[PDB]
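Sequence lines set the chain letters: A, B, ... in the order given, protein chains first and strands last, and positions in each chain run from 1. Indexing begins at 1, ligand by ligand and atom by atom, following the structure's order.
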There are 4 protein chains.
Amino acid sequence: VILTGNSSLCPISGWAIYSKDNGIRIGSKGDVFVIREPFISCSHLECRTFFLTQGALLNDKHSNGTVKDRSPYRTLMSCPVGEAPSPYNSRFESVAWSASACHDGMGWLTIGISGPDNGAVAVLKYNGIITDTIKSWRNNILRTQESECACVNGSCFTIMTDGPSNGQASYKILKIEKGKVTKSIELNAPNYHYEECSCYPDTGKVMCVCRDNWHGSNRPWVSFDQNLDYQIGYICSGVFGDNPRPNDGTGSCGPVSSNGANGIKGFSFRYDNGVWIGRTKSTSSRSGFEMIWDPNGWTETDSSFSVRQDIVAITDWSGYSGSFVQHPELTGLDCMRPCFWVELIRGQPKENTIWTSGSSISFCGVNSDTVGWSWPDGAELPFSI
Amino acid sequence: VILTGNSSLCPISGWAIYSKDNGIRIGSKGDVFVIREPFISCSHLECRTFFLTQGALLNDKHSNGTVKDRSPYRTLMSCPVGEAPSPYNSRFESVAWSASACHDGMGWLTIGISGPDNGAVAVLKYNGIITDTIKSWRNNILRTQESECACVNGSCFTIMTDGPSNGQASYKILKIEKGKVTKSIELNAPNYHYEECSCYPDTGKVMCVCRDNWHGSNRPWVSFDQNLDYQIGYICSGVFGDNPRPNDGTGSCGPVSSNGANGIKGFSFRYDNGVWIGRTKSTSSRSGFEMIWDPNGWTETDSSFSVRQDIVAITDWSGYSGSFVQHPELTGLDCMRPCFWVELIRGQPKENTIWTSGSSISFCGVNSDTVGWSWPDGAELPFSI
Amino acid sequence: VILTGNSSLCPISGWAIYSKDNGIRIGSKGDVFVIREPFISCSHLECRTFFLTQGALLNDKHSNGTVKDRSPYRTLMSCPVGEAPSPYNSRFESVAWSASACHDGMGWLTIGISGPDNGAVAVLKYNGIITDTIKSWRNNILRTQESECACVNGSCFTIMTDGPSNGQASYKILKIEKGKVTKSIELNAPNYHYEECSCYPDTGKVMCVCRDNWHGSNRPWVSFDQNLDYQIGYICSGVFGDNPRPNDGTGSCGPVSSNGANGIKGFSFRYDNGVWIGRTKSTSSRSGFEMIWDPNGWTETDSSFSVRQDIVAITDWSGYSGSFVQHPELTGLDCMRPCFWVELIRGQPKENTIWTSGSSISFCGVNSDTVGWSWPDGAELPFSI
Amino acid sequence: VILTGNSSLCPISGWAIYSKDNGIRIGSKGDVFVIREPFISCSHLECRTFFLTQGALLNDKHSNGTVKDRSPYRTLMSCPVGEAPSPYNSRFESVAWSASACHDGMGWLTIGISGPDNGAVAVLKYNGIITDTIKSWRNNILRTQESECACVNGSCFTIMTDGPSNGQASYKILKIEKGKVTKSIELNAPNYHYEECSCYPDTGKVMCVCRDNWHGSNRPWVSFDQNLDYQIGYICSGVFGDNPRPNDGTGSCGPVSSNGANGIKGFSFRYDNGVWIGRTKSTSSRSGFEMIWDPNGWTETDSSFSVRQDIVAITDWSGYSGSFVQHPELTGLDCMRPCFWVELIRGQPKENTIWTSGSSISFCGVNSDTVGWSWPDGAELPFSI
Ligand SMILES: *[C@@H]1O[C@H](CO)[C@@H](O)[C@H](O[C@@H]2O[C@@H](C)[C@@H](O)[C@@H](O)[C@@H]2O)[C@H]1NC(C)=O
Ligand SMILES: *[C@@H]1O[C@H](CO)[C@@H](O)[C@H](O[C@@H]2O[C@@H](C)[C@@H](O)[C@@H](O)[C@@H]2O)[C@H]1NC(C)=O
Ligand SMILES: CC(=O)N[C@H]1[C@H]([C@H](O)[C@H](O)CO)OC(C(=O)O)=C[C@@H]1NC(=N)N
Ligand SMILES: CC(=O)N[C@H]1[C@H]([C@H](O)[C@H](O)CO)OC(C(=O)O)=C[C@@H]1NC(=N)N
Ligand SMILES: CC(=O)N[C@H]1[C@H]([C@H](O)[C@H](O)CO)OC(C(=O)O)=C[C@@H]1NC(=N)N
Ligand SMILES: CC(=O)N[C@H]1[C@H]([C@H](O)[C@H](O)CO)OC(C(=O)O)=C[C@@H]1NC(=N)N
Ligand SMILES: *[C@@H]1O[C@H](CO)[C@@H](O)[C@H](O)[C@H]1NC(C)=O
Ligand SMILES: *[C@@H]1O[C@H](CO)[C@@H](O)[C@H](O)[C@H]1NC(C)=O
Ligand SMILES: [Ca+2]
Ligand SMILES: [Ca+2]
Ligand SMILES: [Ca+2]
Ligand SMILES: [Ca+2]
Ligand SMILES: [Ca+2]
Ligand SMILES: [Ca+2]
Ligand SMILES: [Ca+2]
Ligand SMILES: [Ca+2]
Ligand SMILES: [Ca+2]
């Protein structure tokens, strides 16, 4: 089976809860990795949670300093969806402080970036065997999606960035076939900033919705065909998607400068000229989560929208979010099912612990009845250590 | 293989012990979930224990407050029969504070209800993929079996309730095929109350024995064919099945009002006009367990019975109980084998720990020699936390 | 595949070490069951360690009182050979304070006895499904091998005892086919005492070597064909096999009364008129272990022997031992391979802990070079609890 | 599938990071074996880490004294590559204080040496069944590779040593088919010393690079064909490979006596007359690790080399290292892929803890971009115990 990736997104009305791992609550007692940057990806047979460990467990002195993003100890590992990530249930994937993974219908591609900030190297594996490497081309923190790559017709596609986090950087699309890079192109995107892209397949092409850490509080997007012919823009809705951001107002199809510096990984799904936006509830901190349906928000700049569905209350911590899909080959449906996950970050810098970790929740789009609620992390901090 | 469900219940003389997980005893030291509402269900290949976690482990501060029935942290998970439920041996099924599950011979159906009390949503999954949702229709704690659904001829069947726990509510039978609701019907049952049904297949139809929390100390039942043509009644025996209940006396084929409010999940198996009743030994607390064979107790109101088999002594805590079956496709027999499980609740509200959890035992009906004994939880409370 | 059981024992010169689980050393820190009565049994594909848990882990207060033999919490479980028995790696088999198990080439038979001392019941399972029960016929601690049953030509065979531990009791051979008892016979053995038989297949028949707890310091044996036509005797060698026992001297083909009361489970392998005897090194305590080849010891009463191979030094604790075989279907050999295990008992009554448990070692017979040594338990008692 | 072993080593430019288990960091809180002497070996389907436990876990009193090399508690076990070695994820292989293992395309061979120093016995298993034994022929610590054996065309090959660690000893090549020794030959190697060989297949033959503990600070090598026709020598490069060693200088094709006593297990890969040398960074302690490409270093004695790639900084502890290969049957390539692992030793004798253990990293050779860095153990000693 190679996944064809030729179907369009399923029609949906809302989001049904799919998983909740309670990883941090469980890790108070059990042997659970300190992690961050979790994401879900599926094959034609099953779904897995990928994550970047800190090479350490919760409620242990080695969790000290784990707010830090990059180290030689961080590893990409995976476990079944909805299970707490433990050394006893997790598969080792790669040594990595930035990662992506996806399944083409025949095997798992994993991409794990490690090494020094001035010369990092991405190691590509297919079926767990090294198949390629990509070295930093700007010598400034080579980095990738922290969510699943997108597979169409036997090729998989990702985005990598190298360069400043606070100014113009360099962005490339990669086409990968059985773990080997077969094509790449650099985005000609002066005045754009792309990080941590959430990319999905749709009708034989790929759409990515990303993070502008330089000067945009709306999200940049890039779409492309299998030949890497691409288009770029920003989501136009005045329902701004990044964190931090301004209050909702008049949007732009270029970067919205107000509160544009810094950011958070996120995602959106385009339906025609409309968009499903996942975002924090706070404009200033990584708190709460909600899904908003804006029926003209892909291309129009008003702040009007039609549906809001609560996911995490504003009084609870949230974190990264990302898209994942379930292909027809897995579901038996005739359309591409859209899903998403949310990372619930606990500890530093917002809480007075020695450590930082995240738990996860996930949802899938359905055309049937759903409900808003809050499904927060629920851990009681600090722990014994 | 779809399970035919066309066989009748095996002839039996008593109950042989099948499993004991010692979960709470083990959780004094190991990494074991805080749970409640466990149940067993089987495929044509194996048997599994399902349970509602509290998103926390025993002997940890996150076990605090786990007497509480519903939260966003509760998840439906499963592990092999007889094993302690741990994050290291348990599969994630759904986010849920009320659940059911069953296997049609081809795949697992799980039903997990989460969300707010005034608008809960049941998420149905088949082979782990969301296939349907059902929203609360009375906006008052949508809830289901907390035991296995029943499968006959490629369709599976369950009961859901919505409305008051202390007055007339609404009860629906659902027919589900590959995880999609294909038919439903509301019971016309004024003056009845149905919760937490224990439902089994028998001769191409389904029988459910349930809990009347409003005003019955005997148990209500509902039977139906594959078209959802149904019959309703209460078990007539004066050997009253609920907890609490009066002393044994003259029964009724409608609800016995004496000590009828409140209740406990339980089960019974009909054989002709007779009945095997599983019940607590105490009339006032969730203590002890016994099986009673009353050869005319399905339809006649006397308090006489023929056989009593001890399962848990009255000096030890019991809890919920439920039916499960082993189909011919699993056992190789020419009849449907009846079995049952018992939840052994420890902690709150009867013990003044910070937590509540349960362990489990199970038995299967045999036409061979058996013995009464007591197989209680055996944990020594409190733990370290 | 049904195992034919038609081959004869392989020629051997000594014993090569096969496994060591270090269970108690590991259980000082890790989550390891308190156990006793471990044994190994194999299929045509793999070997497993079976054991009777105490429903509790080491280094925990529930290990208190575990010198006690029988309780409702004890369960028969299994794990891979050489692994520490944990809730995270062990399969649940049956509720049991006495047990046997074996594989016929198509599936696992397990026999688990639980219930009260005056009316215990053995539950037989095949492929994990209950297939028969056997109730106590003397109402005095129905009990079985605590080692593997023997399979020949699609039937499996075991021995059960009911009656006094210090006087004449009742002994039956059982023939079991796909978990159903198809034949049984009571041994006509006045003045014999049979407990805890170690039984192996050989040339289409079965040989069992057992424990006389009444009045023999040599071991009783019983051999039989597939029709349960049997012969009985005691091992004649003056190299006495039980513990306690006298110093080596003149043996008997009936029970040797000197130091005959009490005993230990053990085994021996007959080769022609010779015997391989496994025994403790101490005559008075369960200490040390050795294998002795006595080339005429099956039928002759002298105390001469030709080979001794050290297994555990006399300064270290030993415990039960038992035979297991590896059939041609597993090994590819043209003969039946003899193997044995030893239980290394720690704690009560010899050591001042609240608990009793055992670890295990095992060996297989080879016709190649071997060496004597000591492979003791190695745990440092007491633990924190 | 038998692995042909007929391909030559892949062309490479450097080493891409393959795994990092963080075992000791994880064992600060989790249940992780005390180990040493880890090594990786692969089949046509997967890669596994093998290791010698001390029959004890980290952060527990039974870790006391584990600097000691040989005991009856040490066992050869295996787990998936990159996972912490735990009793909950590790398969038991053999009882062993010296070992090797490898897969011939059809099944796993394991070799585990246990017993006394004056008469140790190697137990050979194929698919987990004992297939042969080899006894000590010099009665002085029979010992083997502590890394994978090499398989070519259905036979597997290893080196064993018996005799002094500080003078002339005896060295044998063994040929093994389905776990049975089918041929052996003693090396005629007066004035050489061979221990702990790292052996790989290349073009239908085997090359081993070993440790001279007697009087060489360069490494000895032995190559042979399937008939065990052999050649011997020492690596000629003045880039000395052992630890301890003198500063780089003029090499020798025989043993370099300067600082020749003592040593460390290591490896090298021959390409034409050149060599890839893995070595510690320190000349005096087991600190740091680097890969050096010396394009004439197999046969020429100068100290010039072309490429140095950092692996572990000199400020951090390293340890043993060894070769492993990935065959074409696993990778789908047309050449034999060279890889290596490094053991990162913590505790005694360099740190004053009660215990000694190791974690591991591994790399594979690629003809694509790579980078030098440091991926050290990272644990913060001491632990709680
Ligand atoms: C333990 O559970 C109980 C309910 O059984 C909670 O009330 C406790 O919550 C704590 O105390 C209350 C009064 C309130 O201050 C709340 O915010 C606290 O969290 C709970 N204990 C803890 C420590 O969470
Ligand atoms: C810890 O290991 C050391 C070796 O590194 C042992 O000597 C200790 O053994 C104990 O002390 C010695 C002197 C002797 O009394 C012995 O019998 C003791 O066991 C060991 N410590 C412990 C507690 O086993
Ligand atoms: C590679 C790397 O360190 N990426 C960072 C990321 C990054 O700093 C910003 O996008 C700015 O470039 O931000 C964050 C973040 O929480 O904002 C986490 C990521 N951490 C990890 N992936 N480890
Ligand atoms: C959905 C829900 O909360 N169901 C309750 C159930 C319920 O309160 C009564 O049946 C009255 O309606 O009672 C009990 C109970 O122990 O009596 C446990 C259940 N808990 C859980 N399933 N979580
Ligand atoms: C069924 C039962 O309790 N069997 C006992 C056994 C028995 O007491 C003697 O054989 C005398 O009959 O002795 C021992 C023993 O250590 O001697 C352990 C066994 N314990 C267990 N199998 N649980
Ligand atoms: C069999 C044995 O004990 N081998 C030793 C090895 C050996 O002492 C030297 O090579 C000298 O002969 O050295 C070392 C070592 O760290 O140098 C570890 C090995 N330990 C183990 N394999 N257990
Ligand atoms: C914990 O981490 C902080 C931040 O890097 C460091 O400065 C501090 O020394 C650490 N504490 C210990 C005991 O290692
Ligand atoms: C431990 O077991 C003994 C022996 O049965 C018992 O008498 C004692 O009370 C126990 N201790 C505790 C605290 O349960
Ligand atoms: Ca921004
Ligand atoms: Ca709009
Ligand atoms: Ca009631
Ligand atoms: Ca009656
Ligand atoms: Ca005796
Ligand atoms: Ca003799
Ligand atoms: Ca623990
Ligand atoms: Ca040397
Ligand atoms: Ca050179």
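- Residues that satisfy the ring pair (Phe, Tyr, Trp, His ring centres under 6.0 Å) test with C:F305, not counting sequence neighbours, are absent from this structure.
- Aromatic ring orientation, B:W15 versus B:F340: perpendicular (interplanar angle above 60°, classes split at 30° and 60°).
- The aromatic rings of B:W293 and B:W276 sit tilted, their planes meeting at an angle between 30° and 60°.
- Classified by interplanar angle (parallel below 30°, tilted 30° to 60°, perpendicular above 60°), the ring pair C:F269/C:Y200 is tilted.
- The cationic atom of B:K350 (NZ for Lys, CZ for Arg) lies less than 6.0 Å from the six-membered ring centre of B:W317 and within 45° of the ring axis.
- Within the protein, the N, O or S atoms sitting under 3.0 Å from the Ca ion (ligand 13) are C:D212 O, C:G216 O, C:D242 OD2, C:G260 O, C:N262 O.
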### Task
Quick one: do C:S217 and C:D242 satisfy side chain to side chain donor-acceptor pair (under 3.5 Å)? Show the steps, please.
CA-CA 5 Å; C:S217 49; C:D242 208 354; over 6 Å; no
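- C:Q145 and C:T158 are linked by a side-chain donor-acceptor pair at a separation below 3.5 angstrom, with hydrogens and angles left out of the test.
- Remark: A:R25 is positioned above the aromatic ring of B:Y73, its terminal NZ or CZ atom under 6.0 angstrom from the ring centre and at most 45 degrees off the axis.
- For the pair C:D248 and C:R279, the salt-bridge criterion is met [side-chain N within less than 4.0 Å of a carboxylate O].
- Side-chain polar atoms of B:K61 and A:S28 form no donor-acceptor pair below 3.5 angstrom.
- The shortest side-chain heavy-atom distance between C:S318 and C:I345 does not fall under the 4.5 Å cut-off.
- Judged by the 6.0 Å distance and 45° axis criteria, C:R211 is not positioned over the aromatic ring of C:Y194.
- Panel detail: the Ca ion (ligand 12) has protein N, O or S atoms under 3.0 Å away, 5 in number.
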Ligand 1: which protein N/O atoms lie under 3.5 Å from its N/O atoms?
{"unit_1": "ligand 1", "atom_1": "2 (O)", "unit_2": "B:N64", "atom_2": "OD1", "d": "3.3"}
{"unit_1": "ligand 1", "atom_1": "2 (O)", "unit_2": "B:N64", "atom_2": "ND2", "d": "2.4"}
{"unit_1": "ligand 1", "atom_1": "21 (N)", "unit_2": "B:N64", "atom_2": "ND2", "d": "2.8"}

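- For the pair A:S359 and A:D377, the tightest heavy-atom approach, listed with the atom from each and the gap, is OG-OD1, 2.6 Å.
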